[PDB]
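Structure first, commentary second.
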Amino acid sequence: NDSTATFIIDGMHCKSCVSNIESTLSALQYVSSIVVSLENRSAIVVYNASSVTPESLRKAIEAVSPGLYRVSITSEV
Ligand SMILES: [Cu+]
């Protein structure tokens, strides 16, 4: 059973950006589903996390618009 995280990407006005980001999220060597939301500001992913930093996947956002996208994470570490 997997760790489902949400990253809330307040990036641009469209937030279309999320799926551009999902392409990175859904390519990592530890993930079983990609589940983003663009009209909103959401990127959701099924993957391996807890005793390893979930903030890993945040770098997908940070690499397309560093210092810009207000991405907020559901985590506990
Ligand atoms: Cu956008």
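Simple scheme: letters A, B, ... for chains in structure tokens order, numbers from 1 for residues in each chain, numbers from 1 for ligands in the order shown.
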
task = Please provide as a count of residues only all residues within 9 Å of residue 40 of chain A, with the sequence filter that same-chain residues fewer than 4 positions apart are discarded (counting only C-alpha atoms).
result = 6

query = Can you list, as an NGL selection string, every residue of chain A that DSSP puts in helix (DSSP H, G or I)?
reply = :A and (17-25 or 54-56 or 58-64)

Writer output for current selection, C-alpha atoms, as a PDB file, in the first residue's frame:
```pdb
ATOM      1  CA  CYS A  17       1.388  23.900 -15.296  1.00  0.00           C
ATOM      2  CA  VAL A  18       0.341  20.917 -13.067  1.00  0.00           C
ATOM      3  CA  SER A  19       0.337  18.415 -16.014  1.00  0.00           C
ATOM      4  CA  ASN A  20       3.651  19.829 -17.341  1.00  0.00           C
ATOM      5  CA  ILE A  21       4.805  18.957 -13.774  1.00  0.00           C
ATOM      6  CA  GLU A  22       2.936  15.554 -13.742  1.00  0.00           C
ATOM      7  CA  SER A  23       5.253  14.421 -16.586  1.00  0.00           C
ATOM      8  CA  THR A  24       8.163  14.623 -14.078  1.00  0.00           C
ATOM      9  CA  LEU A  25       6.138  13.182 -11.127  1.00  0.00           C
ATOM     10  CA  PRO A  54       8.109  13.348   0.173  1.00  0.00           C
ATOM     11  CA  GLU A  55       9.504  16.867  -0.679  1.00  0.00           C
ATOM     12  CA  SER A  56      11.425  14.988  -3.413  1.00  0.00           C
ATOM     13  CA  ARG A  58       8.254  19.133  -5.026  1.00  0.00           C
ATOM     14  CA  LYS A  59      11.443  19.542  -7.131  1.00  0.00           C
ATOM     15  CA  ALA A  60       9.302  18.795 -10.273  1.00  0.00           C
ATOM     16  CA  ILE A  61       7.498  22.121  -9.585  1.00  0.00           C
ATOM     17  CA  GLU A  62      10.626  23.957  -8.422  1.00  0.00           C
ATOM     18  CA  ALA A  63      12.502  23.058 -11.634  1.00  0.00           C
ATOM     19  CA  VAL A  64       9.893  24.482 -14.108  1.00  0.00           C
TER      20      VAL A  64
END
```

inquiry  = Going by DSSP on the backbone, which residues of chain A come out as strand (DSSP E)? List them as a list in words.
reply    =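 The strand (DSSP E) residues within chain A come out as residues 3, 4, 5, 6, 7, 8, 31, 32, 33, 34, 42, 43, 44, 45, 46, 47, 72 and 73 of chain A.
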
Residue neighbourhood residue 75 of chain A, 12 Å, only C-alpha atoms, exclusion window fewer than 3 positions, as a PyMOL selection string = chain A and resi 3-8+49-58+72

For N, CA, C and O atoms, I'd like the residues from the last selection saved as a short mmCIF file (atom, residue, chain, number, x, y, z; two decimals), in the first residue's frame.
```cif
data_model
loop_
_atom_site.label_atom_id
_atom_site.label_comp_id
_atom_site.auth_asym_id
_atom_site.auth_seq_id
_atom_site.Cartn_x
_atom_site.Cartn_y
_atom_site.Cartn_z
N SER A 3 1.95 5.65 -0.24
CA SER A 3 1.76 7.00 0.30
C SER A 3 1.23 7.93 -0.80
O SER A 3 1.93 8.24 -1.76
N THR A 4 -0.01 8.40 -0.64
CA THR A 4 -0.62 9.38 -1.54
C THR A 4 -0.35 10.78 -1.01
O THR A 4 -0.90 11.15 0.03
N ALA A 5 0.47 11.57 -1.71
CA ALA A 5 0.68 12.98 -1.37
C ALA A 5 -0.05 13.92 -2.33
O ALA A 5 -0.23 13.59 -3.51
N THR A 6 -0.38 15.10 -1.81
CA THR A 6 -0.88 16.24 -2.58
C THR A 6 0.12 17.39 -2.45
O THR A 6 0.54 17.74 -1.35
N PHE A 7 0.43 17.99 -3.59
CA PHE A 7 1.16 19.24 -3.71
C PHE A 7 0.20 20.26 -4.36
O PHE A 7 -0.34 20.00 -5.43
N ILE A 8 -0.05 21.40 -3.71
CA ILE A 8 -0.99 22.44 -4.17
C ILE A 8 -0.25 23.62 -4.78
O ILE A 8 0.26 24.48 -4.07
N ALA A 49 6.84 6.92 0.30
CA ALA A 49 7.16 8.00 1.23
C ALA A 49 6.81 7.62 2.68
O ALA A 49 5.94 6.78 2.91
N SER A 50 7.51 8.26 3.62
CA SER A 50 7.44 8.24 5.09
C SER A 50 8.87 8.39 5.64
O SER A 50 9.38 9.50 5.74
N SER A 51 9.61 7.29 5.81
CA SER A 51 11.03 7.24 6.19
C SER A 51 11.99 7.66 5.06
O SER A 51 13.10 7.15 4.95
N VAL A 52 11.53 8.56 4.19
CA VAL A 52 12.17 9.16 3.00
C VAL A 52 11.36 10.42 2.65
O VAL A 52 10.14 10.42 2.79
N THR A 53 12.04 11.49 2.23
CA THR A 53 11.45 12.83 2.07
C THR A 53 10.43 12.89 0.93
O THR A 53 10.84 12.77 -0.23
N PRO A 54 9.13 13.15 1.21
CA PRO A 54 8.11 13.35 0.17
C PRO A 54 8.40 14.60 -0.67
O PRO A 54 8.13 14.60 -1.87
N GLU A 55 9.04 15.61 -0.07
CA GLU A 55 9.50 16.87 -0.68
C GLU A 55 10.34 16.70 -1.95
O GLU A 55 10.56 17.65 -2.69
N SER A 56 10.84 15.50 -2.17
CA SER A 56 11.43 14.99 -3.41
C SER A 56 10.66 15.45 -4.66
O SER A 56 11.22 16.10 -5.54
N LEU A 57 9.37 15.12 -4.71
CA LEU A 57 8.48 15.38 -5.85
C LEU A 57 8.23 16.87 -6.05
O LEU A 57 8.06 17.32 -7.18
N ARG A 58 8.32 17.66 -4.97
CA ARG A 58 8.25 19.13 -5.03
C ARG A 58 9.25 19.70 -6.05
O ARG A 58 8.92 20.64 -6.77
N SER A 72 2.31 24.07 -2.06
CA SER A 72 2.03 23.70 -0.66
C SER A 72 1.85 22.19 -0.50
O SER A 72 1.11 21.58 -1.26
#
```

task = Could you check how far atom CA of residue 68 of chain A sits from atom CA of residue 31 of chain A, in Å to one decimal?
result =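 About the pair atom CA of residue 68 of chain A and atom CA of residue 31 of chain A: they are 25.8 Å apart.
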
ask   = From the list A:74, A:28, A:13, A:1, which residue is nearest ligand 1 when using only C-alpha atoms and all ligand atoms?
value = A:13

Shortest interatomic distance to ligand 1 - which of A:27, A:76, A:41, A:34, counting only C-alpha atoms and all ligand atoms =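 Counting only C-alpha atoms and all ligand atoms, the residue closest to ligand 1 is A:41.
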